[PDB]
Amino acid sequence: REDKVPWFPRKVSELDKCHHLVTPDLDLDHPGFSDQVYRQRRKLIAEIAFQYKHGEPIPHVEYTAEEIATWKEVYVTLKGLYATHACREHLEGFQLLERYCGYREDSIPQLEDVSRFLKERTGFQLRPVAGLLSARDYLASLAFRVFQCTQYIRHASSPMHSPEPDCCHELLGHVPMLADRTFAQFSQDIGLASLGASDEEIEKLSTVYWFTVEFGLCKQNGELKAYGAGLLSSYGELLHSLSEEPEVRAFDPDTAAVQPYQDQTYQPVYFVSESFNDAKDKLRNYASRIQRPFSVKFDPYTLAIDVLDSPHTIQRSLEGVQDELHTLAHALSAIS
């Protein structure tokens, strides 16, 4: 998109430039395309995204009673499928969100309280987004453990179906899995691999993401469970994903990277990973075979990207690893 190696952010601060790329207003088919009070609600909300700068608390939004209404429905009815259809990671994270983030049916949660919660749990943070970002910019944000998150609710007339990602989909579909350590790392890895990759590689990556983060399945105690946000936020797709109707293939980064897909109707094919550690390993062997004359490694202390393109930059990181192994050597003597 940019050069031989497209420009990519190296400082979390630079995500402020990877937002300049969106797409607004509704289509004919949309639930409130012909509601002017709602179109006003959206512009007001998007505006919080357009004004947001890395590092500021995320502006609260005062939700109207009907907005809270649309929320109460999406919530209650998905709540009912989770115990049977959701992966253990999602139940664990949804319970913590309830215990410390006021997740409940009569109140929409505020992004800043959720971001705070993710930060202390996995280091992930939210950034308010106006709606659908470029593939490269979205994945680039995942690289800093930053989730581009929508703040506006879907139109109240069709609470059970929402084309575009809304806060219901973000808060009930994505956020909970992001509270799990292994999943959080899997997500960042996808963004880490995307950094400065060709538009084609970005495309393959978006697709791996689609078939995992958005619509992935996993097996636990030999039962099949959803973990994809697009499934955890859709009453109908959730039932169908565990049914006998679609085909389910072993998750393999290369097969998934080229599996085509559409987005209006339910998925006819899904990929099951055996465990997140397993899909994480498979995904890294995959970005490994990615043509690149360097590699990147996240610096969690500075929220920066270190480019490893020489013996020296690799040695510098190695030192950090050697410090850590020292600390573990000491913990072994302390515990006897």
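Throughout, we count residues from 1 along the sequence that is shown.
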Discussion item. Zero if continuous, otherwise a range: how many residues of the deposited sequence are missing coordinates between residue 23 and residue 24 (none, 1 to 3, 4 to 9, 10 or more)?
Written reply: 1 to 3
Worksheet item: Would 43-51 or 297-305 have the larger average of its C-alpha temperature factors, as given in the entry?
Response: 43-51
Discussion item. Regarding 257-265 and 135-143, which shows the higher C-alpha temperature factor on average in the entry?
Written reply: 257-265
Worksheet item: Based on the PDB record, which member of 19, 326, 11, 316 exhibits the highest Cα temperature factor?
Response: 19
Worksheet item: So among 225, 79, 161, 119, who wins on Cα B-factor in the entry?
Response: 161
Worksheet item: residue 170's Cα B-factor: lowest, middle or highest third of the chain?
Response: lowest
Worksheet item: residue 219: which third of its chain by C-alpha temperature factor?
Response: middle
Practice prompt. Could you say whether, by C-alpha temperature factor, residue 5 belongs to the lowest, middle or highest third of its chain?
Written response: highest
Worksheet item: Mind checking which third residue 213 falls in for C-alpha B-factor across the chain?
Response: lowest
Worksheet item: Based on the entry's values, in what third of the chain does the Cα temperature factor of residue 270 lie: lowest, middle or highest?
Response: middle
